[PDB]
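Undergrad: Quick one: the structure is below, questions incoming.
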Amino acid sequence: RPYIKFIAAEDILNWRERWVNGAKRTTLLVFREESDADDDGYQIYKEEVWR
Amino acid sequence: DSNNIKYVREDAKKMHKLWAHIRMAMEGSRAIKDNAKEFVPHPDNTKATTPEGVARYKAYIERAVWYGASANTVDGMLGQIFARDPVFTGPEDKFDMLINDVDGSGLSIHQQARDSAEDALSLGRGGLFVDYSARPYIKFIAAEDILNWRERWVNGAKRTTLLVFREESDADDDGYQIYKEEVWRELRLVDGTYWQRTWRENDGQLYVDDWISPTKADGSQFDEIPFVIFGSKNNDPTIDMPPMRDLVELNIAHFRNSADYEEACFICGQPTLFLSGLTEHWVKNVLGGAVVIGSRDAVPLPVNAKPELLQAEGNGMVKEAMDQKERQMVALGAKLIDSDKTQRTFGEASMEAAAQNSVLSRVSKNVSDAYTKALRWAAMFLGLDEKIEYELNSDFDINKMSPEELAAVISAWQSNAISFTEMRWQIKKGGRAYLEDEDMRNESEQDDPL
Amino acid sequence: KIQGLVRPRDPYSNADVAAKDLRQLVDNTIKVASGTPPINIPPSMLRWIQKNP
């Protein structure tokens, strides 16, 4: 199924706008996603994912 | 790996301080004065080290008056949220066990809803757990009891994998004493499959139980943990900031300024004679170490002896600070106090009522859909109807229905515009009828008396 | 407790009797504080053998 994420403002960190055939096309957009670690222990880490 | 289950997460430890302070503010002056070190700094710590300093601080604190506006604000918020009763949608005779005694203690679902809404309005967190014994039991887990939650992507979606909370019991011994035996529940979600394990301690022994996967009536186990962390903002594991923080801070400031004001009132609130231009000769001979001040007796004084009564004048800057903090709390749009002196021209507050009850319209929705999700989990335990809901009172500032209101509702039902059950819910909400709809239908089936 | 709470009497006579007071024995409950010696649990040793800290 599709998922509709929500990216906080500080996470959106790069983008571009190139005029292609007289149109504004966003050629690039890079944002951050942040999660924990599934160590078998109960300790919590911080992992990073860049989409 | 049977790891540290009493491990409390770092953000939970971070929030415990504010949670405890909010709790003491709710319990009122009894707790605030008891823990006065955290709230009211000592006027002079150098003296405070000395025993006369601690005696002075005890006198300074005992004279203080805690305003108790946080308790009234919370109480008022719940009053608007819980008027008449929350509405249950779906089958009712097939769900009566979750309604009459929600957790097998004779406590109705609406009273647990009241407790949960209060706990979410006070410190902005909560929890509802669903477990299968037969009958499903809805739990209520305080903000301070949830101590671990792990979130990752399972199939590329924000999923809750680990969740540990605390359970507290009182051992059934032969005597009458009370003990607090403690239970830890570990909820795990591996590879899209729910799991549950139990930890308990008693008589100096930590026990571990086998992993179990509670299954629905039709089977296929469970795909998500039956636990919602309902808060001020949303039902996400991340801590939602307590909505009561600002009001508490203002009330603490008002409390310490009240301490200052009361010290001033006790010391310099009584007039004093201040007999200037007086000699010990005059005192010891004619005054004789005593003065009669009443109207019946007249006291003489020597030349250039000016008497003048001194007392601290009113409207001091401490009192204006106190009044400003009372007004600041009112400005913070908090239902802590009601002023009869102030007046309102009607029709104005109708615009702001939307913003006045934002927190209410938000916590009500959060608690409502959290309870709806929990009831859907219970239904999947019993394979009952899954398209059921639970809604709180979304219409605040309730009041009795006027004759025009009642007549308009009747006419709106005589037209095919409002449902009959909706009409009856209107009339009950406005306090104009009390019996159930079906009992009324049965009473109105018979021919009219005439 | 009042030790001499019941005393004989002679209804035919009128003699003096001494008064008795109410004492209040007080109980007690001491507090004992215990603790744990410091334990060195560096994560280095646990991680060197693949055990979570």
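Every chain in the structure tokens takes a letter, A first, then B, and so on in the order presented; its residues are numbered from 1, and the ligands are numbered from 1 following the presented order.
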Excluding same-chain residues fewer than 3 positions from residue B:166, what lies within 7 Å of it counting only C-alpha atoms, as a PyMOL selection string?
TA: chain B and resi 145-146+183-185
Undergrad: Got time to write the residues from that selection, N, CA and C atoms, as a CSV table (one decimal), in the first residue's frame?
TA:
```
chain,number,residue,atom,x,y,z
B,145,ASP,N,4.4,5.6,33.8
B,145,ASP,CA,4.6,4.2,33.9
B,145,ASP,C,5.2,3.6,32.6
B,146,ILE,N,4.8,4.2,31.4
B,146,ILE,CA,5.4,3.8,30.2
B,146,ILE,C,6.9,4.3,30.2
B,183,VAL,N,4.8,-5.6,38.4
B,183,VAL,CA,4.8,-6.4,37.2
B,183,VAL,C,5.2,-5.6,36.1
B,184,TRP,N,6.1,-6.1,35.2
B,184,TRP,CA,6.5,-5.5,34.0
B,184,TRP,C,6.1,-6.2,32.8
B,185,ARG,N,5.4,-5.6,31.8
B,185,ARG,CA,5.0,-6.2,30.6
B,185,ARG,C,5.8,-5.7,29.4
```
Undergrad: Give me, as a list in words, the residues of chain A touching chain C, with the criterion being at most 12 Å (counting only C-alpha atoms).
TA: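 Those within range of chain C come out as residues 38, 39, 40, 41, 42, 43, 44 and 45 of chain A.
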Undergrad: Kindly indicate which residue among B:8, B:212, B:278, B:384 lies nearest to chain A, using only C-alpha atoms for the distances.
TA: B:8
Undergrad: Using only C-alpha atoms, I'd like every residue of chain B that has an atom within 9 Å of chain A; please write them out as an MDAnalysis selection string.
TA: chainID B and resid 1:5 7 9 148:153 156:158 161:162
Undergrad: Take the residues that were just selected and, keeping C-alpha atoms, output them as a tab-separated table (two decimals), in the first residue's frame.
TA:
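Just written: part.tsv:
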```
chain	number	residue	atom	x	y	z
B	1	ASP	CA	17.95	-11.34	25.61
B	2	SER	CA	16.17	-10.80	28.95
B	3	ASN	CA	17.75	-7.37	29.24
B	4	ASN	CA	17.17	-4.49	31.67
B	5	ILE	CA	13.38	-4.24	31.65
B	7	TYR	CA	15.20	0.71	31.88
B	9	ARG	CA	14.14	5.96	28.45
B	148	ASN	CA	10.36	2.26	26.87
B	149	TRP	CA	9.17	2.42	23.26
B	150	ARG	CA	11.10	1.61	20.08
B	151	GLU	CA	10.05	2.79	16.61
B	152	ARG	CA	11.49	1.65	13.25
B	153	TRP	CA	10.37	0.96	9.69
B	156	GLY	CA	8.99	0.97	5.17
B	157	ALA	CA	6.45	2.45	7.58
B	158	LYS	CA	6.72	4.00	11.04
B	161	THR	CA	8.36	-2.69	17.80
B	162	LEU	CA	9.12	-2.57	21.53
```
Undergrad: Set the distance at 10 Å and use only C-alpha atoms: which residues neighbour residue B:225 once local chain neighbours fewer than 2 positions away are removed? I'd like the list as a list in words.
TA: residues 129, 130, 159, 160, 161, 162, 163, 187, 188, 189, 193, 194, 195, 196, 222, 223, 227, 228 and 377 of chain B
Undergrad: Find the residues near residue A:28: any atom within 9 Å, counting only C-alpha atoms, skip ones fewer than 3 places away on the same chain, and give them as a list in words.
TA: residues 14, 15, 16, 17 and 25 of chain A
Undergrad: Name all residues at most 12 Å from stretch 22-31 of chain C (count only C-alpha atoms; drop same-chain ones fewer than 6 positions away) and give them as a PyMOL selection string.
TA: chain C and resi 1-5
Undergrad: Any chance you can output those residues with C-alpha atoms as a PDB file, in the first residue's frame?
TA:
```
ATOM      1  CA  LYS C   1      -2.651   2.313  80.834  1.00  0.00           C
ATOM      2  CA  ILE C   2      -4.313   3.105  84.233  1.00  0.00           C
ATOM      3  CA  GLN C   3      -3.024   0.500  86.713  1.00  0.00           C
ATOM      4  CA  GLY C   4      -5.368   1.199  89.616  1.00  0.00           C
ATOM      5  CA  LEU C   5      -8.522   1.787  87.582  1.00  0.00           C
TER       6      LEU C   5
END
```
Undergrad: Can you tell me, as number ranges by chain, what residues are no more than 7 Å from stretch 25-30 of chain B when counting only C-alpha atoms, ignoring any on the same chain fewer than 4 positions away?
TA: B: 21, 34, 66, 68, 70-71, 248
Undergrad: Based on the selection just made, write N, CA, C and O atoms of those residues as a PDB file, in the first residue's frame.
TA:
```
ATOM      1  N   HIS B  21       6.379  18.045  38.893  1.00  0.00           N
ATOM      2  CA  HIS B  21       5.991  19.399  39.283  1.00  0.00           C
ATOM      3  C   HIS B  21       4.521  19.662  38.982  1.00  0.00           C
ATOM      4  O   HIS B  21       3.805  20.253  39.802  1.00  0.00           O
ATOM      5  N   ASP B  34       5.169  21.455  50.975  1.00  0.00           N
ATOM      6  CA  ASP B  34       6.044  20.372  51.411  1.00  0.00           C
ATOM      7  C   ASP B  34       7.361  20.376  50.644  1.00  0.00           C
ATOM      8  O   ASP B  34       8.430  20.166  51.229  1.00  0.00           O
ATOM      9  N   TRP B  66      -0.860  29.344  48.361  1.00  0.00           N
ATOM     10  CA  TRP B  66      -0.868  28.765  47.025  1.00  0.00           C
ATOM     11  C   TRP B  66      -2.225  29.023  46.385  1.00  0.00           C
ATOM     12  O   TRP B  66      -3.265  28.707  46.969  1.00  0.00           O
ATOM     13  N   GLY B  68      -3.758  27.832  43.698  1.00  0.00           N
ATOM     14  CA  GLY B  68      -4.551  26.695  43.267  1.00  0.00           C
ATOM     15  C   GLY B  68      -5.363  26.938  42.014  1.00  0.00           C
ATOM     16  O   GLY B  68      -6.527  26.523  41.944  1.00  0.00           O
ATOM     17  N   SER B  70      -4.254  25.902  38.885  1.00  0.00           N
ATOM     18  CA  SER B  70      -4.078  24.768  37.984  1.00  0.00           C
ATOM     19  C   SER B  70      -5.167  23.723  38.188  1.00  0.00           C
ATOM     20  O   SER B  70      -5.700  23.169  37.217  1.00  0.00           O
ATOM     21  N   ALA B  71      -5.470  23.425  39.453  1.00  0.00           N
ATOM     22  CA  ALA B  71      -6.515  22.422  39.759  1.00  0.00           C
ATOM     23  C   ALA B  71      -7.842  22.883  39.149  1.00  0.00           C
ATOM     24  O   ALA B  71      -8.489  22.074  38.458  1.00  0.00           O
ATOM     25  N   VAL B 248       1.183  26.390  35.251  1.00  0.00           N
ATOM     26  CA  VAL B 248       1.939  25.981  36.471  1.00  0.00           C
ATOM     27  C   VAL B 248       3.017  27.034  36.752  1.00  0.00           C
ATOM     28  O   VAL B 248       3.064  27.533  37.893  1.00  0.00           O
TER      29      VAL B 248
END
```
Undergrad: So how far away is atom CA of residue B:236 from atom CA of residue B:22, in Å?
TA: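 Computing it gives 21.6 Å between the two atoms.
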Undergrad: Write out as a PyMOL selection string the set of residues from chain A that DSSP, computed on the backbone, places in strand (DSSP E or B).
TA: chain A and resi 14-15+18-19+24-25+29-30+32-35+47-50
Undergrad: For those residues, write C-alpha atoms to a file as a JSON list (two decimals), in the first residue's frame.
TA:
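After the write, out00.json holds the following:
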```
[["chain", "number", "residue", "atom", "x", "y", "z"],
["A", 14, "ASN", "CA", 18.21, 20.15, -0.68],
["A", 15, "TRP", "CA", 16.19, 20.78, -3.83],
["A", 18, "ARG", "CA", 15.33, 23.66, -13.65],
["A", 19, "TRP", "CA", 13.32, 25.15, -16.50],
["A", 24, "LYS", "CA", 9.37, 24.58, -13.55],
["A", 25, "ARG", "CA", 10.41, 21.00, -12.78],
["A", 29, "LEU", "CA", 14.85, 16.90, -3.57],
["A", 30, "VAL", "CA", 16.71, 15.32, -0.64],
["A", 32, "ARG", "CA", 16.23, 13.07, 6.13],
["A", 33, "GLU", "CA", 14.54, 10.15, 7.93],
["A", 34, "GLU", "CA", 15.44, 9.16, 11.48],
["A", 35, "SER", "CA", 14.92, 5.90, 13.40],
["A", 47, "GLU", "CA", 19.95, 5.78, 12.82],
["A", 48, "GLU", "CA", 19.80, 8.03, 9.76],
["A", 49, "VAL", "CA", 18.28, 7.50, 6.31],
["A", 50, "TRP", "CA", 18.62, 9.91, 3.38]]
```
Undergrad: Rounded to one decimal place, report the atom CA of residue B:208-atom CA of residue B:127 distance in Å.
TA: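 About the pair atom CA of residue B:208 and atom CA of residue B:127: they are 23.4 Å apart.
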Undergrad: Using only C-alpha atoms, which residues sit within 6 Å of residue A:31 once same-chain residues fewer than 6 positions away are excluded, as a PDB file with N, CA, C and O atoms, in the first residue's frame?
TA:
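Output contents, as saved in part-v5.pdb:
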```pdb
ATOM      1  N   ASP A  11      14.174  18.882   8.012  1.00  0.00           N
ATOM      2  CA  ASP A  11      14.658  17.667   7.362  1.00  0.00           C
ATOM      3  C   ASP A  11      14.845  17.871   5.862  1.00  0.00           C
ATOM      4  O   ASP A  11      15.804  17.360   5.275  1.00  0.00           O
ATOM      5  N   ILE A  12      13.936  18.607   5.218  1.00  0.00           N
ATOM      6  CA  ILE A  12      14.120  18.933   3.808  1.00  0.00           C
ATOM      7  C   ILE A  12      15.349  19.820   3.698  1.00  0.00           C
ATOM      8  O   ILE A  12      15.353  20.960   4.176  1.00  0.00           O
ATOM      9  N   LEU A  13      16.399  19.304   3.067  1.00  0.00           N
ATOM     10  CA  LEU A  13      17.699  19.946   3.102  1.00  0.00           C
ATOM     11  C   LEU A  13      18.310  20.241   1.738  1.00  0.00           C
ATOM     12  O   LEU A  13      19.362  20.889   1.688  1.00  0.00           O
ATOM     13  N   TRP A  50      18.769   8.819   4.332  1.00  0.00           N
ATOM     14  CA  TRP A  50      18.619   9.908   3.377  1.00  0.00           C
ATOM     15  C   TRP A  50      17.931   9.377   2.128  1.00  0.00           C
ATOM     16  O   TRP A  50      18.452   8.470   1.469  1.00  0.00           O
ATOM     17  N   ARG A  51      16.772   9.940   1.805  1.00  0.00           N
ATOM     18  CA  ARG A  51      16.022   9.567   0.615  1.00  0.00           C
ATOM     19  C   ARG A  51      16.267  10.597  -0.475  1.00  0.00           C
ATOM     20  O   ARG A  51      16.035  11.792  -0.268  1.00  0.00           O
TER      21      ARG A  51
END
```
